[PDB]
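Asker: show me how the following folds:
(chains A, B and C, ligands or ions: 1)
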Amino acid sequence: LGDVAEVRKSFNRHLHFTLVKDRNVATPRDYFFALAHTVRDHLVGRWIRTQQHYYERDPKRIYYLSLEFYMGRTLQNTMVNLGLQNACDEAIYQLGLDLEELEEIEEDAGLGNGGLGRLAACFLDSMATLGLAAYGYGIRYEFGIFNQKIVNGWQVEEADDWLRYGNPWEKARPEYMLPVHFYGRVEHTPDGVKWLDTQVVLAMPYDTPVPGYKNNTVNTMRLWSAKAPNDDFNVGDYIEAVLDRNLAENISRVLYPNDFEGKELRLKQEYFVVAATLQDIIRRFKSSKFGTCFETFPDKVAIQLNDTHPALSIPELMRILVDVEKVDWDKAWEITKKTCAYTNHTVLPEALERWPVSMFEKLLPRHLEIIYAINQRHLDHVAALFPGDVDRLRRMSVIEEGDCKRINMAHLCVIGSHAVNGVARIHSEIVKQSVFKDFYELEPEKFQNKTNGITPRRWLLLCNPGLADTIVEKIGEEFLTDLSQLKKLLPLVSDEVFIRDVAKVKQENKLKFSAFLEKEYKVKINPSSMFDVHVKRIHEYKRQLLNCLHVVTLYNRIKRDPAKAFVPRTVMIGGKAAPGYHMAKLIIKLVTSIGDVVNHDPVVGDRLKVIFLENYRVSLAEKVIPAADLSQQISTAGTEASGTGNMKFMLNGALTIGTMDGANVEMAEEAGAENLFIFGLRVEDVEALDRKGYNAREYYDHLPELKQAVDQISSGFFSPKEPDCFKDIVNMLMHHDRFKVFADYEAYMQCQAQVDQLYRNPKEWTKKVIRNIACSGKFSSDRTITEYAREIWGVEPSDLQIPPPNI
Amino acid sequence: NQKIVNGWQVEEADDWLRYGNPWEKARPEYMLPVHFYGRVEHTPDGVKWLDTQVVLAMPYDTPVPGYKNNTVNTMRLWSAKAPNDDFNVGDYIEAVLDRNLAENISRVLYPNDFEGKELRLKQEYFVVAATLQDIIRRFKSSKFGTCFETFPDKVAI
Amino acid sequence: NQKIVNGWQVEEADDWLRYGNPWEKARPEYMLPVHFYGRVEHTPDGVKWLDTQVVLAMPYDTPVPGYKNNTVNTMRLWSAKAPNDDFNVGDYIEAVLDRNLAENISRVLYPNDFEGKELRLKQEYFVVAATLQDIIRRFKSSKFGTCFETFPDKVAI
Ligand SMILES: *Cc1c(COP(=O)(O)O)cnc(C)c1O
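Answerer: Numbers count the residues shown, from 1 in each chain, chains lettered A, B, ... in the order given. Okay, here it is:
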């Protein structure tokens, strides 16, 4: 190949001219950078051409606004979307280096946190693959959230210094910087409303390429860094300036800060992305090749609000249009509603974001005025349609009364958007009928569903090339951009060759992940054991404790009859606890405490191993998901909207043990519920238990295997040196357990036995797996994005065709 | 001071010393130092606590009268004050803040502030150190005063 | 930058790095610590300088080309940066100020600020300590390296 020679020549060129190093002084990190630059150069040609193409053809632009972008690592994705993986592997080998070693030096982008952020990243990959003129907008968080470390079995938060050595992917655009205004006061003058005496924070943009899979599109993620404007002063004025500089820069410091007016910092962050972004969208709109003029704005601009975090987009668009662009209020409002769309990710109305009005009086006095005007006009309309309905007016109002007046940002999003969607079929029904019941009665057509999805490139082609090839051999390459083509795998459940091939891939993946496990955690991993994986946020509603009780029950069962034939398990539990969440940190400690007992018991041996997977991130998900046999998706029914981890396990050859909630429902409906290990209380059963009243004591008293497990946890069997360590866990499970852990224990145990009986038969296990994989095509973010594009954005995929670039 | 506004509790500041307290007598002459931070050094002449920040404990005495007897006892309450005074811009701000953090030791009861827990610990030590130095000073300043063997017979804490 | 406004000199800030310097290469990997303040302790294992504040010296290298020869030498210029990271309200403000006072070591040439004289001394030490640690590191990291006896033959300052 001439390709292998080009990468080799480009790597050395970057090493000498970009890094200003030679092979004697270079570190592995320098080698990662040299390669990352080599690979980025292949994107640049397409990136320039793509932006030249959108300027020429002026397509409708999609703006995806999120406070989270859980991007992971970029080197591998970039290499695969450009087809250069094989050429780089060989070039790096010939250079005396190891591609996978270099891949491990890259930092996980500290730009996301959980589901909401990964959803944004999958979306961006799909929008680029579908040829949409899409731009991701967010904050360039300098220190991510935190890297989880486990010290003495407890979680410790370490700072995520991911930009320490620089990010090779991003380009700084200091020339496209915009001012963000805070505080000040508002004056009504004859020339229009003026927002005066404001503090100014500068928004500095950094652009990152978002490549399309096997097309020529390379889109942009534009992330803003907070910087103070520089400069008279007395001693006090000098200290005021240094502090304002620091408070400016900590807007883009960490994701979801705590600090207790660190809530004011969250509001500042929200406005900082909104104002930065909207000024950029408008500037792009009026700077079009060949440009009263704002009437075409809803035809050239869609703004998607990923949760209520970017909710200020509504009154800020109203502000720029009316106070700067001199557009008439009514016209600006009809423009606002048509440009904005809102996606909700939560169930029950109390999770929805609220801000005190007093906080708005101080930080954003002009936006408060606009919000008040939007609300009044909205309630006049409601009063016209439903005369004398006084309680309807209070329910539908964006401003709520209580111990202080508050602004319901969700209500503001509903009123200022043309479309409102939930993230799964039943969640979207709850969004309609319960969360925004009154809004649904007034405008049913506004409310929609956009079932979540995952990208088939990262969550298959990247993390599981072995499985990807085995599917490619049988049904060709077209499924990678049209994942519903995996249904052609259905007849292959009879094929003895395919079954032994899918099983071989899984075991290869299991062996590669065992090697990571033994090296890092120092536990002897059984290769023939079943990989039982539960990876998500440590939270009571997610019920890692339910999984803990199962593990203790199994430990006790091996101890009672050590001669008995037992299905071997490697139980992996991972996830980050919120720093101030006392119960979740107790739970992490329980898992490691259980593991200490289980993994060091000589009677137990190679039958049961328990590991807490430290620092669950995007990059680690890509190692563990392809190696999983069983996926635990065991949240209490009625708590989960969707879930995307569910989808990742289904595509990578794992069977699912779960409740009938969130994504599991649509996964059952796609593959048939018999191919999934559904158990426990149904949404309606949970409600019926609340009518009876949950008495967890009755369960503990009349379930012997559970009583033994809880007593061990309580008495200090898993914590000999500090026997009251889990007192608050036990106290919660018996008296305050809102998530009904005991109520689902029996059903969960019985269900795990059915899992054990299926794993005992390798062929029928893998047959059920093939049925899962073949019916997962629906859960492609391509499908989700095509849905958003046609039913919300009014754009057609592949209507823009970027041609091969010029160097 | 609790206020009820629109049926809810509002916390208003208790400015009870605004106009002065007629009952109490300031004893600035019986002030004692309270030490914080620093480091500890084991020397041949005994253990030494060095490089400490110092907060001053200023005593105010209030009479506690006995019912139909002639006894009037003392309540001795300590106010936190920073010692006064070279400096660069940063050293000046450090001093102003330490002055404020000193004085907020005796600002409010059970403060919240989340290292306002550190402020509770400071408050606890401030009363302990102030008081114990005063108890000892009183003990050795007795009319006609190895010598500490009688301490448990002359002092109950 | 001198500006003449109404016939008088006005001092305008020289924002020369605003858009970046294309000539220089950042070497964050060759950063060295600079120590300030602290105290000194004579121990049996030698003199120790303890409880110091640390400012980081980040090197930036600029090429210095020879005329019609193949030599391109180095100008190595140090930027002051504070080390990053528990804290109460006062400790937080102390940290933000020390961060600012660290970074203003490499802000302007010949600053005025009147303990801006202390800032000049800090600047002087910052270049000295940064540089001498770099000179020594280069000396002992030579291809094939009591050992300091050749130092005056391999080093002129
Ligand atoms: C896909 C993914 C998630 C989402 O998991 P859910 O529990 O399904 O919300 C979270 N974290 C990481 C690292 C992921 O890759």
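
Asker: what distance do you get for residue A:456 to the ligand?
Answerer: Distance, residue A:456 to the ligand, by CB to the nearest ligand atom, to the nearest Å: 13 Å. All C-beta atoms are positioned from the backbone trio N, CA, C, and that covers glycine.

Asker: count of residues packed around that residue?
Answerer: 28 (other CB atoms under 10 Å in any protein chain shown).

Asker: dump the residue contacts of the residue in the stretch 401-550 of chain A that the ligand sits nearest to.
Answerer: Closest residue of the stretch 401-550 of chain A to the ligand, CB to the nearest ligand atom: residue A:536 (3.6 Å). Under the criterion of CB atoms under 8 Å, 6 or more residues apart in numbering or on different chains, the contact list for residue A:536 reads A:542, A:574, A:575, A:616, A:645.

Asker: now these in JSON lines, with secondary structure?
Answerer: Listed next are those as JSON lines, based on DSSP: H, G, I helix; E, B strand; the rest coil:
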{"residue": "A:542", "secondary structure": "helix"}
{"residue": "A:574", "secondary structure": "strand"}
{"residue": "A:575", "secondary structure": "coil"}
{"residue": "A:616", "secondary structure": "coil"}
{"residue": "A:645", "secondary structure": "helix"}
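
Asker: could I get these as CSV with neighbour count and distance to chain C?
Answerer: Converted to CSV, the contacts of residue A:536 look like this (neighbours: other CB atoms under 10 Å in any protein chain shown; distance: CB to the nearest CB, whole Å):
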residue, neighbour count, distance to chain C
A:542, 23, 30
A:574, 23, 27
A:575, 23, 25
A:616, 22, 25
A:645, 23, 32
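
Asker: nearest to residue A:695 among the residues you listed?
Answerer: residue A:542 (23.0 Å; CB to CB).

Asker: that closest one contacts residue A:635, doesn't it?
Answerer: Yes. Contact status for residue A:542 versus residue A:635: in contact at 5.3 Å, counting by CB atoms under 8 Å.

Asker: flag every residue of chain A that's near chain B.
Answerer: Applying CB under 8 Å from any CB of the partner chain, we find that chain A lies next to chain B at A:235, A:238, A:239, A:260, A:403.

Asker: list the buried residues in the longest strand along chain A.
Answerer: Counting by DSSP state E, the longest strand found in chain A is strand A:192-211. For strand A:192-211, the neighbour count (16 or more other CB atoms under 10 Å in any protein chain shown) marks A:195, A:198, A:201-211 as buried.

Asker: which residues does stretch A:589-608 contact?
Answerer: By CB under 8 Å, 6+ apart, stretch A:589-608 touches A:150, A:153-154, A:523-524, A:526, A:529, A:544-545, A:548, A:551-552, A:554-555, A:558-559, A:562, A:566, A:568-569, A:571, A:573, A:609-612, A:713, A:717-719, A:725-726, A:729.

Asker: from these, which would you call buried?
Answerer: Of these, these count as buried by 16+ other CB under 10 Å: A:150, A:153, A:523, A:526, A:529, A:544-545, A:548, A:551-552, A:554-555, A:558, A:569, A:571, A:573, A:609-612, A:713, A:717-719, A:725-726, A:729.

Asker: so which of those residues sit within helices?
Answerer: If you go by DSSP state H, the buried ones among the contacts of stretch A:589-608 have A:544, A:545, A:548, A:551, A:552, A:554, A:555, A:558, A:713, A:729 in helices.

Asker: mind giving me the domain split of chain A?
Answerer: A:1-453+A:781-802, A:454-780 (curated CATH domains).

Asker: please state the offset of the shortest one from the chain centre?
Answerer: In this case it means domain A:454-780. Domain A:454-780 has its C-alpha centroid displaced from the chain centroid by 20 Å (CA atoms, centre = their mean, to the nearest Å).

Asker: check which residues of the longest helix seen in chain A are buried.
Answerer: Longest helix in chain A, counting residues (DSSP H): helix A:28-57. Under the neighbour-count criterion of 16+ other CB under 10 Å, helix A:28-57 has A:30-40, A:42-43, A:46-47, A:49-51, A:53-54 buried.

Asker: right, and the helix or strand after the longest strand of chain A?
Answerer: Note on strand A:192-211: by DSSP states H and E, the next helix or strand toward the C-terminus is strand A:218-227.

Asker: what is the helix or strand containing residue A:753 packed up against?
Answerer: For residue A:753, the element it lies in under DSSP H and E is helix A:741-759. Helices and strands touching helix A:741-759, by 3 or more CB pairs under 8 Å, 6 or more residues apart in numbering or on different chains; DSSP states H and E, are helix A:544-560, strand A:655-658, strand A:677-678, helix A:697-701, helix A:704-715, helix A:762-774.

Asker: tell me the secondary structure at residue A:259.
Answerer: coil.

Asker: I'd assumed residue A:269 was in contact with it.
Answerer: No. Residue A:259 lies out of contact with residue A:269 (CB under 8 Å); the separation is 11.6 Å.

Asker: who has more neighbours out of those two?
Answerer: Neighbours per residue (other CB under 10 Å) separate residue A:259 from residue A:269, with residue A:269 holding more: 23 against 13.
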